[PDB]
Amino acid sequence: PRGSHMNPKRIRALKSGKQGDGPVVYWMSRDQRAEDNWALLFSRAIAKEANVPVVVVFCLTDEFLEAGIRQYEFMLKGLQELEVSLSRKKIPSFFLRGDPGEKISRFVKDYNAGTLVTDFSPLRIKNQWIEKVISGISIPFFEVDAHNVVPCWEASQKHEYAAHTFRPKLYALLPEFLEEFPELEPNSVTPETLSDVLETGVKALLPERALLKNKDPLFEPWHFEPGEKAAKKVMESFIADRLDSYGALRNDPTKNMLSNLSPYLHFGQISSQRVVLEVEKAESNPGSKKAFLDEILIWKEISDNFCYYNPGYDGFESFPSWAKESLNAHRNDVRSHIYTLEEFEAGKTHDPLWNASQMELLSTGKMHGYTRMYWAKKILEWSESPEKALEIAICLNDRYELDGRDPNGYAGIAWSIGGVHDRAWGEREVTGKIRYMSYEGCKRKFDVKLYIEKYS
DNA sequence: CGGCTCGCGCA
DNA sequence: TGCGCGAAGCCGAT
Ligand SMILES: Cc1cc2nc3c(=O)[nH]c(=O)nc-3n(C[C@H](O)[C@H](O)[C@H](O)COP(=O)(O)OP(=O)(O)OC[C@H]3O[C@@H](n4cnc5c(N)ncnc54)[C@H](O)[C@@H]3O)c2cc1C
């Protein structure tokens, strides 16, 4: 498709056709940012060769109703910042509301677009939208992987069983795809109020707000400032203050020593490639650098590999054969406790460590990476069936996590409950051969009282 | 055949 | 606290 610093393997054609005379439309979805965006850079390079301008279109679907206000505000406030950023470079943005399959097909014809570009996402509803758009448009339709360092269809062509199998593949293509980003060139040609979409959506999600007894909201929105500018500040402080002690205190929820980048990385407000570019150049603890790189490279992109090659990524059928056989044999085992969704949601279990994990999820919208395993694994231990446990874990994960509705969530829940990307362990009642995690093992690794007293 | 992102005993 | 074994099924290099 042309360009000096542009790798042609990051782009693949979804539909071939005669390139129109109008501008190039970039259908923004996952990577909501202006800097370090391959999809936005590829749309500008195409527009430069065709002597056309580049426009951005964002379709606001009804998916914000299944979520909550904490995710809707975090996204809308970032889109307000992105509008001024793109407007500074003479790039206009259009914000549509409704079905992307019907709205973007109408936008391409109404605006007489010449080439449509979109970003990559392995989720089901994105592939369903792209198929409906292809059937209604007559212009070329391209797809760019701007989220992963190595494109998903390039790192592997099949489902990866474990990380130590996917690890040598990723690090082998790293010297080719780890490159610096060129600056976005402003538009030479210039061819819906976000404040109203914010107030309308908030009033519709007000009854579903998570409250306390005194009708006070549980969400604390001052923990993570949304936007592209704030996301870069979280990156800088992590590499300057937290990266040294990461490899030693990454599993201690009493110490705020993780990167805290998952809410920004989910909405695409910060590029993981930019994070790797800056972490690699830093001089820090070599063990901590290798530990953080293994999280943002393999485990982040193997989760995209999981959902892209397993369409039932949120179902029991995606589990390995050994895990399904073990879970099916222990279906009739008597459970120590049985809790419904409402009891798991409000945090009314006998385990104070589990309840404290749920309060962190409800109050801050981001539960610590270590306690998320204890949170999900105990849901499987105290549920009717593995299907209900998978249902409850996915529901609370997508409802209250700021990084929810993300491939890392479904892969992480499939790891905790279904042993995906994991191996078998000692045979137990109810759980079977799935990895076990107890309250006593957490007491030997960190001060469990400080974590419980912090969140009641 | 080697080695994979827990619990547990022992310094 | 950090280290080493145990319990377990399977991929992938040959
Ligand atoms: C049951 C369960 C549910 C999860 N739900 C989500 C979710 O909804 N959204 C989400 O983005 N992540 C999810 N994760 C993955 C992981 O918990 C988060 O990425 C992490 O805890 C967020 O904090 P952090 O980015 O500061 O951690 P860091 O240690 O700083 O992580 C660095 C980055 O590496 C990646 N990463 C780290 N751990 C994982 C992992 N286990 N799997 C995949 N990528 C990882 C993420 O991009 C993360 O931003 C879940 C994990 C589990 C076990």
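Values below: every heavy atom of this structure, side chains too, minus hydrogens, waters and symmetry copies. Letters A, B, ... are given to chains in the order of the sequence lines, protein chains preceding strands, and every chain is numbered from 1.
The nearest whole Å value for the distance from the NE2 atom in A/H421 to the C1' atom in C/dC10 is 14 Å. In this entry the distance linking CD1 of A/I434 with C1' of C/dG9 reads 13 Å, nearest Å. Counting to the nearest Å, the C1' atom of B/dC6 and the CD1 atom of A/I417 are 16 Å from each other. If you take NZ of A/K169 and P of C/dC11, they are 13 Å apart, rounded to a whole angstrom. Spacing between atom CG of A/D422 and atom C1' of B/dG7 amounts to 14 Å, rounded to whole angstrom units. Following rounding to the nearest Å, A/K324 (NZ) and C/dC10 (P) show an atom-to-atom distance of 12 Å. As a whole-Å value, the separation of A/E440 CD from B/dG9 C1' is 15 Å. Spacing between atom CE of A/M373 and atom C1' of B/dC6 amounts to 9 Å, rounded to whole angstrom units.
B/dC1 and C/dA8 have their P atoms separated by 23 Å, with the value rounded to a whole Å. C/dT1 sits 15 Å from B/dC8 when the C1' atoms are compared, rounded to a whole Å. Separating the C1' atom of B/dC4 from that of C/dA13 is a span of 15 Å, rounded to the nearest Å. Taking the P atoms as reference points, C/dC10 lies 23 Å from B/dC6, given to the whole Å.
In this structure, A/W425 reaches the bases: a heavy-atom distance under 4.0 Å links it to at least one base atom across the strands shown.
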- Item | Stepwise salt bridge (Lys or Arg N to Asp or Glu O under 4.0 Å) check, A/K132 with A/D99 | CA-CA 10 Å; A/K132 296 195 138 282; A/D99 191 2; 5.9 Å; no
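Put simply, A/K433 has no side-chain N or O that comes within less than 4.0 Å of OP1 or OP2 on C/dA7. In terms of phosphate contacts, A/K445 brings no side-chain nitrogen or oxygen within less than 4.0 Å of OP1 or OP2 of C/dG2. Note on A/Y370: a side-chain N or O is less than 4.0 Å away from OP1 or OP2 of B/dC6.
The side chain of A/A424 lies closest to C/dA8, out of C/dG12, C/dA8, B/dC6.
North puckering is assigned to the sugar ring of C/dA8, since its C1'-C2'-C3'-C4' angle is above zero. Judged by the sign of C1'-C2'-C3'-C4', B/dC6 carries a north-puckered sugar.
Side chains of A/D294 and A/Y171: a donor-acceptor N/O pair is present below 3.5 angstrom, by distance only.
Ring-plane geometry between A/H159 and A/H421 is classed as parallel, the angle between the planes falling under 30 degrees on a 0 to 90 degree scale with a further cut at 60.
The base-pairing partner of C/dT1, taking Watson-Crick or G-U wobble contacts with both distances under 3.5 Å, is B/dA11. With a cut-off of 3.5 Å on both pairing distances, C/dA8 has no Watson-Crick or G-U wobble partner at all.
A donor-acceptor contact under 3.5 Å links the side chain of A/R423 to the base of C/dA7.
Within 6.0 Å of CD in A/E429 there are 12 or fewer heavy atoms belonging to other residues, nucleotides or ligands.
With respect to the salt-bridge test (charged N to carboxylate O, under 4.0 angstrom), the residues A/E387 and A/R331 qualify.
Ring centroid separation for the pair A/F142 and A/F120 does not come in under the 6.0 Å cut-off.
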